[PDB]
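Quick setup: one chain, the form deposited in one PDB entry, written in structure tokens, and binding and motion questions come after.
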């Protein structure tokens, strides 16, 4: 599997900060055929970021509409993203599930829209503290993955992200060993539903807290293929995280 390192800038950035950050990113000499590196700026920063980043960097947006073009004030359609050659989309990030009540069905429909418009999708899922403490990790993850997994038409073009919500804002820390086991089980779900070659092909990323210290311990695990990186990706030292995949 080709490693996949992704920068989720979330709701952060100014024109000036992006200028300096992209410049430092550009200094890193990597081969985009040997690893995928994707930057996800804020929607209104996309053009600024795409222009400043060298071509070796892939780019995407942090959310896409479940509706097509039409009367949906505030939404960005997959059709619009296609027209702009926005390569990737993030779907089902826990923050959107949390703050904006995005459901499993929303995730399914957003993937449909994305694939129909030749967009590549980074799809997030994961269980809460309550769910894991009640021993429902597999039940929850199976349910979330099965909400969309049957739609994947190309297993290079859809990338999965495990988000250990149980270890986010709770005071708990997900170890690389724990993450690996979940990733292993995610791959098995893909095997059972899509096929063995498909399961062996698909990138499954760790989408918990990733920094320059823990990235190697995580990516070296057999079933962890990279990261969707939060606040560490807003730093110039993000290049060292990319280096763990090189």
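Numbering follows the first chain given and starts at 1.
Keep in mind the form solved in complex with a small molecule is missing from the figure; the text below concerns it.
For the options 14, 231, 237, 20, the residue carrying a heavy atom within 4.5 angstroms of the small molecule in the bound PDB entry is 231. Of the candidates 168, 115, 76, 147, 168 is the one whose heavy atoms come within 4.5 Å of the small molecule in the bound PDB entry; the others do not.
The stretch from 151 to 159, 89 to 97, 103 to 111, 132 to 140 that comes within 4.5 Å of the small molecule in the bound PDB entry, counting heavy atoms only, is 89 to 97. Interface membership of residue 210, defined by any non-hydrogen atom within 4.5 Å of the small molecule in the bound PDB entry, is confirmed.
Among residues of the shown chain, residue 163 is one whose heavy atoms approach the small molecule to within 4.5 Å in the bound PDB entry.
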